[PDB]
Structure formats: structure tokens, C-alpha cells
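Chains as they are written, first to last, in the UniProt record's numbering: chain A, 4 to 107; chain B, 4 to 107.
There are 2 protein chains.
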Amino acid sequence: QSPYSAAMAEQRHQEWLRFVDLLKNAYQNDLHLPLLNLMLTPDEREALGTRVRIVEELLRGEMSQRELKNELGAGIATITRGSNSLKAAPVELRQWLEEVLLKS
Amino acid sequence: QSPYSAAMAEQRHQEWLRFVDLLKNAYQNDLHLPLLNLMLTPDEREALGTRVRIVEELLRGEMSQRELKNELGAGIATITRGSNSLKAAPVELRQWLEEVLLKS
DNA sequence: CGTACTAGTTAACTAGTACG
DNA sequence: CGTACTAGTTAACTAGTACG
Ligand SMILES: N[C@@H](Cc1c[nH]c2ccccc12)C(=O)O
Ligand SMILES: N[C@@H](Cc1c[nH]c2ccccc12)C(=O)O
């Protein structure tokens, strides 16, 4: 009896993270932006602004349900379906989401 | 006309950067992955996946224009229109592309 | 008070061929 | 031999209302 893969690494990284390695070369300076004008599009930083704005504004929960859609212009399907993604993720790394709002 | 500084206007984009400061908090550890599962989508690693595939395979030039389409499945309009993006970018920061192509 | 949902229109990307 | 084009389809995202 002998296991195939278990010691050192359990999950294998093939695509999304070899991209996060070149991102840390332009994150020390700030050259991942002319790099994003060659491999992706302006529509990727258009959907980062309004998507990161309904989550950064929902987690506060003061004026974010009926009265928020008029300020930016993002429907009630995106503002409350962004809430459905929070209940699927785990709590050990939802905990880091608290490490980046609370300010420690 | 002027020895130092030419034309005064001042301009800054605040959307992709509210996402780059919180991305640097999870880049020191590695919690930007549960982060990409609740405010990005699985199509955001399918676009960083296949878009980093036609550029990292075009810049070398071995099997990335005609014989590539069957190996993964992206069509000839993405692997040849991705070449048109390089002709628009500048050489001062395309130079950093050499800082991460030669070494990587 | 809050959420979920039913109806409403837009956007990128994919695939095999045409010519320089 | 290396690029770009004609024709083909596959997902994403907006908006305003009603019920628990
Ligand atoms: N994964 C997101 C999908 C999404 C696309 N565009 C959005 C804009 C805002 C919020 C969420 C989204 C969700 O279902 O929640
Ligand atoms: N700006 C890119 C947009 C793009 C979308 N999907 C792609 C796939 C591969 C390469 C580029 C892309 C282009 O037109 O080239």
C-alpha cells in the first residue's frame, strides 16, 4: 500500500497563479496596467469599478438596497445577487475580508 | 518654451486601484483567490487563463497562429487579433514585458 | 426593514476561410 | 510561410416591482 500525491502539495496550480507571479513583478513598481492594455480590455476595469462598488457598499449596509441604484446606475439584480456569493464562500478566508475592512 | 514640466491638466482613475490595494493585502499571504470567487466570477480566471495562453504562445512563435486552435479551442480571430494589441502599447513599459519574458 | 425575482436589453469570443 | 477577415453563437448584466 502507497499513496500517489499527499505530502508537500494537495491542489495543483496550472493557469490563474502563473499569471499572479508576473502580477507581483509589476505590483512592486506598477506596470501590470500597460500589461493589462495588451492581454485583457478597458471593459475588464469598467466591470471591476461597478462590481467592487456594489460589494464594498453592500458589506456596510446603511443606504445600499433601494436608495443606492440612483448614485452609480447598477440594477437591484446585481446589488442583491452580489449578497448570494458571500453565503457560498468559507469562513476561515471570509475572516480575511474582515482583516481588510475593520483596519488592524 | 519650458525647461521642466510641460502643460498642466492633472488626471487619475479610482476604480482598478481600490481593487489593487486590497489585492496587495491577500498577495503577501494568498487570500485573493476566495476574493476572485465572490467579486470577479469563474469566467475571470477563464479570461486570465486563455488570454495569457495566446500572448505567452505568440511572443515565442512555435504553435500559436494556425496549429494552436485544436490543442485548447480559442478560434483564429483571438490568437491573431491579440497580436494587434502589441502594436498599440509603448516601448518604455513593453521593456518591463522583457523583465518578465526573459526571466519569468 | 430586506431580499429575491420576473421579465428586458446588451456585449465578448468563437471558428473555418480568403489574401498578402 | 504569416496575418487578418466573413459570418456564427454563447454568456453577462440592467431595471423596477411585489412578498414574508
Ligand atoms: N459572481 C457574481 C456575478 C456578477 C456579474 N456582475 C456583477 C455585478 C455586481 C455583482 C455581481 C455580479 C454574482 O453572481 O454575484
Ligand atoms: N483587446 C483584446 C481583447 C480580447 C478578448 N478576448 C481575447 C482573446 C485572446 C486575445 C485577446 C482577446 C483583443 O482584441 O485582442
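Backbone N, C-alpha and C fix where the C-beta goes; we use that ideal spot for every residue, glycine too.
### Task
Determine the closest residue to A/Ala50 out of A/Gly76, A/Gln4 and A/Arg21, with distance taken between C-alpha atoms.
A/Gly76
### Whole-Å CB distance - A/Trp99 paired with B/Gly52, under 8 Å assumed
Not confirmed; about 24 Å, so no contact.
### Task
Note down the Cα distance separating A/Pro93 from B/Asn40, rounded to an integer number of angstroms.
11 Å
### Task
Identify which residue in B/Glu60, B/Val58, B/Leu38 and B/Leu71 has its Cα closest to the Cα of A/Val58.
B/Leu38
### Query
Helix, strand or coil for B/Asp33 per DSSP?
coil
### Query
Going by Cα to Cα distance, which pick from B/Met66, B/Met42 and B/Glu47 is closest to B/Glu74?
B/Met66
### Query
Does B/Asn87 come within less than 8 Å of chain A when only Cβ atoms are used?
no
#### Entry: Rounded straight-line distance, which links the Cα of B/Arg84 to that of B/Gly78
11 Å
#### Entry: For A/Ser107, three-class secondary structure by DSSP
coil
### Query
Is B/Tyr30 near A/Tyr30, with beta carbons less than 8 Å apart?
yes
### Message
Closer than 7 Å to a non-hydrogen atom of ligand 2 - does that hold for the CB of B/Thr53?
### Response
yes
### Message
Tell me whether B/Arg84, by its Cβ, gets closer than 7 Å to a heavy atom of ligand 2.
### Response
yes
#### Entry: Nearest-angstrom beta carbon gap, B/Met42 and A/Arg97 [assumed within contact, 8 Å]
The pair is not a contact, with the Cβ atoms about 12 Å apart (cut-off 8 Å).
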